[PDB]
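Some notes on the structure that comes next.
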Amino acid sequence: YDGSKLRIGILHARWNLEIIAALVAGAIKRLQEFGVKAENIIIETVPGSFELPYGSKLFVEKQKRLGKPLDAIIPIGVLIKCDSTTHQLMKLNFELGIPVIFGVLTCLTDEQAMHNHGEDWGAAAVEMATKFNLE
Amino acid sequence: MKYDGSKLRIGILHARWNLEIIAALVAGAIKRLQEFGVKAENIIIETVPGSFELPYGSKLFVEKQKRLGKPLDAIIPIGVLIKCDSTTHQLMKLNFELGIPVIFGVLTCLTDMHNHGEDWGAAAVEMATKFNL
Amino acid sequence: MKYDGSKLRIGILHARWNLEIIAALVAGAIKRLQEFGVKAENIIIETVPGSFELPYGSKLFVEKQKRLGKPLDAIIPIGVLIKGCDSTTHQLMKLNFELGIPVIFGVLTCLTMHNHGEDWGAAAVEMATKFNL
Amino acid sequence: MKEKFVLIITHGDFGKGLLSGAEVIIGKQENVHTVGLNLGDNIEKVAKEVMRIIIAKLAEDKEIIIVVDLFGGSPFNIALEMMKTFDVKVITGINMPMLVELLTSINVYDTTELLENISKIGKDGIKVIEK
Amino acid sequence: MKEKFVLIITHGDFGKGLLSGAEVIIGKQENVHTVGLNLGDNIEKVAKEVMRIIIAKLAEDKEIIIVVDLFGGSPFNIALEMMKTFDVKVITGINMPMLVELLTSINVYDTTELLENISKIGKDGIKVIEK
Amino acid sequence: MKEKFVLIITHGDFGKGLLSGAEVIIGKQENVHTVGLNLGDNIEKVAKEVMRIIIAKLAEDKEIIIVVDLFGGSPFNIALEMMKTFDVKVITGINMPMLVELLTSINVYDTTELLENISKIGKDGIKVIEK
Numbered sequence: 013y014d015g016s017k018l019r020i021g022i023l024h025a026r027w028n029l030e031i032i033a034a035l036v037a038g039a040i041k042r043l044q045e046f047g048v049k050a051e052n053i054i055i056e057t058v059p060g061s062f063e064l065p066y067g068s069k070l071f072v073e074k075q076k077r078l079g080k081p082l083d084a085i086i087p088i089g090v091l092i093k103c104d105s106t107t108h109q110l111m112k113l114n115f116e117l118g119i120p121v122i123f124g125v126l127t128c129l130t131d132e133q134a145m146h147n148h149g150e151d152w153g154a155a156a157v158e159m160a161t162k163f164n165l166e
Numbered sequence: 011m012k013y014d015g016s017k018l019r020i021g022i023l024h025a026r027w028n029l030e031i032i033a034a035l036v037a038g039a040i041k042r043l044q045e046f047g048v049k050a051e052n053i054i055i056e057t058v059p060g061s062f063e064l065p066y067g068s069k070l071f072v073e074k075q076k077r078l079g080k081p082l083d084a085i086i087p088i089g090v091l092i093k103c104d105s106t107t108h109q110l111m112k113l114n115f116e117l118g119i120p121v122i123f124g125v126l127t128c129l130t131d145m146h147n148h149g150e151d152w153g154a155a156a157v158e159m160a161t162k163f164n165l
Numbered sequence: 011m012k013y014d015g016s017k018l019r020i021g022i023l024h025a026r027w028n029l030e031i032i033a034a035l036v037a038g039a040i041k042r043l044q045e046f047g048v049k050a051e052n053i054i055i056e057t058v059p060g061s062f063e064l065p066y067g068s069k070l071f072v073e074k075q076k077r078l079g080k081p082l083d084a085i086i087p088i089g090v091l092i093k094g103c104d105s106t107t108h109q110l111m112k113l114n115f116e117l118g119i120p121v122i123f124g125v126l127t128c129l130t145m146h147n148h149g150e151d152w153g154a155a156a157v158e159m160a161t162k163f164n165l
Numbered sequence: 001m002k003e004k005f006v007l008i009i010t011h012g013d014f015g016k017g018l019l020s021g022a023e024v025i026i027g028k029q030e031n032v033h034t035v036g037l038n039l040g041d042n043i044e045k046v047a048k049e050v051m052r053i054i055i056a057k058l059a060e061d062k063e064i065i066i067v068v069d070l071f072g073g074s075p076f077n078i079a080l081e082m083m084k085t086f087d088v089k090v091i092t093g094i095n096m097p098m099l100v101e102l103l104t105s106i107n108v109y110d111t112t113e114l115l116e117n118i119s120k121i122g123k124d125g126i127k128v129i130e131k
Numbered sequence: 001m002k003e004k005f006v007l008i009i010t011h012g013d014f015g016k017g018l019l020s021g022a023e024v025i026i027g028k029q030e031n032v033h034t035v036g037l038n039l040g041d042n043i044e045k046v047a048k049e050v051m052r053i054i055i056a057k058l059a060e061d062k063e064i065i066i067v068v069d070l071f072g073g074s075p076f077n078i079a080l081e082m083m084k085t086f087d088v089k090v091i092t093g094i095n096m097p098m099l100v101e102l103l104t105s106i107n108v109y110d111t112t113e114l115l116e117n118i119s120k121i122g123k124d125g126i127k128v129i130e131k
Numbered sequence: 001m002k003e004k005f006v007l008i009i010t011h012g013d014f015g016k017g018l019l020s021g022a023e024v025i026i027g028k029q030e031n032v033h034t035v036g037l038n039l040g041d042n043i044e045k046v047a048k049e050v051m052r053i054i055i056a057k058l059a060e061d062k063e064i065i066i067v068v069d070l071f072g073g074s075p076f077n078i079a080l081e082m083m084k085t086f087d088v089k090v091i092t093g094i095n096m097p098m099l100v101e102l103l104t105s106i107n108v109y110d111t112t113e114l115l116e117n118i119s120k121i122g123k124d125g126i127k128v129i130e131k
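Residue numbers (the entry's author numbering), protein chains in the order written: chain i, 13 to 93, 103 to 134, 145 to 166; chain e, 11 to 93, 103 to 131, 145 to 165; chain h, 11 to 94, 103 to 130, 145 to 165; chain m, 1 to 131; chain n, 1 to 131; chain T, 1 to 131.
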């Protein structure tokens, strides 16, 4: 998948920041490996995972008003012992009209909560924005 | 220091069950709101009986504030539930239906706070500001 | 075998995680599809990374097939999830009504196969036929 | 060019032995799999086995070549059924010079030219020695 | 002005020692981190760690300055990669007068002027002494 | 040309770390020693130790270069006191490019030209990167 002509947004929460940062780093890494340019990877933050769904819409709308629309978005959150959240992010695919990659970890321990997992979300974003187009 | 809330109007809708805990969460939200510059004239507190009434109460609250000519920029529904899943779902959806940030201020605990409330205060200000133009 | 599938075009969208199991379920669906009379030119296989991408992948797949002038009559999203997803079952369910074609639930939700895949093949043909003209 | 995968489908241990032999010459292969039809194997069970492999490899974005021992017979019938459904490519009568050339040039030619190449090399490699 | 964070990236214990030395002079620092590239370190592993830190600090709304030991070499290559992706600022050839001036004026100047200041002070601080 | 000996005198672990870093690049050094002034060190005690090293090396017929971190401060004051008494040579503001060039050319140039060389290389090695 060629991602050179894509603009990808990453919206991440700020709780469990050490783990968050590594997942973002992984997503950023794999994005660039598929050809997505640095100017085209937009990182923005929200307080927590609850704010991810609506933050994503506001982020997408802002990027449209800037004349730099996102082709896909990766909402990243780390929740340690949310079900509704998976539901809004799922629905957001259809409401926003762009691929929303589920980047929320739902773990029971800190240990369970990474770079590889983040890369997976990077690869997914590029594929979902490309595979079904007319390229 | 980072988000200026001086030009914002923030609504707080809280339930009345578990009032002692409710009051402290409200107090925390009020505290952090004012720390980001949100004026007292602009913090509107209203109540509902229970957490179930929070979602629809929020819509009625938002609609009322529009008819008064004093629209809310964000809302914090606050509830304390002790051993609700649906309720979280409506508050989530309410972001998109009302067109303003709805901060999830519902505690879902197993046993019987100010900092937690402040977090919700900080969130409301940021979500109403960060993505504007 | 009471359902004639000769005039049908069936899409299969499968995830790539747990590939060995995925392949067998696809093979089963393909087998039963052809047993009802569905022609090879008319069985379209496409992939997504994981089960989460299945719902939106299905819409993009369906829209693409329309733009190609070769519309799908039904779709079978296939995923294997091991607890070693609840929302997903919900979107695939809703997708029946949003896409206007039968969406057969081909997602395994296990804790630790060909026949199961065939079942999904049989279902797709029946749901696309039984209630027609 | 997509990466290729070679599926060898033959009677008994022929494919398993042919690959072994080739590997003496050119080293251990990746992207080659063998399926043998033995007496007592149910052809429909083997067919579903083969289809499972093909789907898996297609899902890995691979281009598939099926090499078979004999024109006619159950292995061939399986290969044909896979070409009917999945548009893989098929060649029969596989011998050692063919397989060695195939595996050492698999990245050089497109599948059509590859198969024409090894067809020619396979036939040329069959010689009766006089004297 | 945003609060600044200084990342020191160098060969071996140079950054760790430089910070130690500076702290003898101006006391214990917050908002300074050191990363050393040792023989036997995989540069890509270190790069991912550094990116780990930068994202975390950006997410804290901090402005990042990367100081490096040597123009050229793996630490520099990491810093450059980070500038390509994250638009941090970078200066090479770090010495003691530079680091002390940097850390004691970090709140006074914007990053561009700060780096110009310490570049000048660093060069001026290198003197051969003849009496 | 006499064989040279390099004494690094700095605040805290700076010299110890700088040498470590250089050795990642050019391998383990002979004829380089580091002395660090820590909080709580008596400068006169450190001065006597440094003098203890210089005499020993002079007695080995070595030419001594003292490299120091910072113009001004106790390490510099020690170096100056050694130049007053023993006519060693001194350079301040040491950084990585300087030390690497110094240690890899120590046999090539006389001490005066060596110090001029590394002064130039040290200053040139300090660059703010824009882009």
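All residues carry an ideal CB built from backbone N, CA and C; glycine is no exception.
Rounded distance between the beta-carbons of residue j and residue i, thought under 8 Å
i, j, result
"T:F14", "n:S20", "7 Å"
"n:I8", "n:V50", "Not a contact, Cβ separation roughly 11 Å."
"h:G15", "h:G47", "5 Å"
"i:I86", "i:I22", "5 Å"
"e:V125", "e:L43", "18 Å between Cβ atoms; not a contact."
"h:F62", "i:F62", "Not really, about 19 Å apart at Cβ, beyond 8 Å."
"i:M159", "h:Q109", "With 8 Å as the limit, i:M159 and h:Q109 do not qualify as a contact, their Cβ atoms being about 14 Å apart."
"i:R26", "i:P59", "6 Å"
"n:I121", "n:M98", "6 Å"
Residue nearest to residue i in terms of C-alpha spacing, selected from the options
i, options, result
"m:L39", "m:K123, m:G12, m:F71, m:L99", "m:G12"
"h:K162", "h:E51, h:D83, h:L23", "h:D83"
"m:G72", "m:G93, m:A56, m:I53, m:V128", "m:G93"
"i:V121", "i:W152, i:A34, i:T130", "i:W152"
"i:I53", "n:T85, n:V46, n:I106", "n:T85"
"n:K62", "n:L70, n:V32, n:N42", "n:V32"
"i:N28", "i:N114, i:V90, i:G124", "i:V90"
"e:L113", "e:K93, e:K80, e:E73, e:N147", "e:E73"
"i:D131", "i:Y13, i:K17, i:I31, i:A25", "i:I31"
"e:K93", "e:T57, e:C128, e:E56", "e:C128"
"T:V90", "T:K28, T:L37, T:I118, T:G36", "T:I118"
N-terminal and C-terminal residue of the beta strand (DSSP E) that residue i is part of
i, result
"m:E81", "Counting along the chain, m:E81 falls outside any beta strand (DSSP E), though it belongs to the alpha helix (DSSP H) covering 74-86."
"i:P87", "84-92"
"n:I9", "4-11"
"h:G21", "20-25"
"n:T34", "32-37"
"i:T127", "124-128"
"n:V68", "63-68"
"m:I129", "Taken as a continuous stretch (DSSP letters only), m:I129 belongs to no beta strand (DSSP E), as it is neither H nor E."
Range covered by the alpha helix (DSSP H) that runs through residue i
i, result
"m:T112", "111-124"
"T:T104", "96-104"
"n:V90", "That residue, n:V90, is in no alpha helix (DSSP H); its beta strand (DSSP E) goes 89-91."
"i:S68", "63-77"
"i:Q133", "Taken as a continuous stretch (DSSP letters only), i:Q133 belongs to no alpha helix (DSSP H), as it is neither H nor E."
"e:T107", "104-117"
Near-chain i residues of the segment 67-82 of chain h - C-beta to any C-beta below 8 Å: For the segment 67-82 of chain h, the beta-carbon criterion of a distance under 8 Å to any beta-carbon of chain i is satisfied by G67, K69, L70, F71, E73, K74, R77.
Interface residues of the segment 75-86 of chain n facing chain i [CB-CB below 9 Å]: Within the segment 75-86 of chain n, the qualifying residues are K84, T85, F86.
Interface residues of the segment 52-65 of chain i facing chain e [CB-CB below 9 Å]: So the close ones are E56, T57, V58, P59, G60, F62, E63, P65.
Short-range partners of chain n found in the segment 32-62 of chain T, where Cβ spacing is below 8 Å: Under the 8 Å Cβ criterion, the segment 32-62 of chain T contributes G36, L37, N38, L39.
Residues within the segment 12-26 of chain T neighbouring chain n, beta-carbon criterion of under 9 Å: Against chain n - using a Cβ distance shorter than 9 Å - the residues of the segment 12-26 of chain T are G12, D13, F14, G15, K16, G17, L18, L19, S20, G21, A22, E23, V24, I25.
Near-chain T residues of the segment 92-122 of chain n - C-beta to any C-beta below 7 Å: Within the segment 92-122 of chain n, the residues whose Cβ lies closer than 7 Å to some Cβ of chain T are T92, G93, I94, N95, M96, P97, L115, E116, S119, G122, listed in chain order.
Entirely enclosed alpha helix (DSSP H) segments - the segment 35-61 of chain e, minimum 4 residues: Listed in chain order, there is nothing to give.
Interface positions of the segment 109-129 of chain i facing chain h (Cβ-Cβ less than 8 Å), listed along the chain: Answer in chain order: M111, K112, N114, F115, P120, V121, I122, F123.
Residues of the segment 11-26 of chain e with Cβ closer than 8 Å to any Cβ of chain i, in chain order: Within the segment 11-26 of chain e, not one residue has a Cβ closer than 8 Å to any Cβ of chain i.
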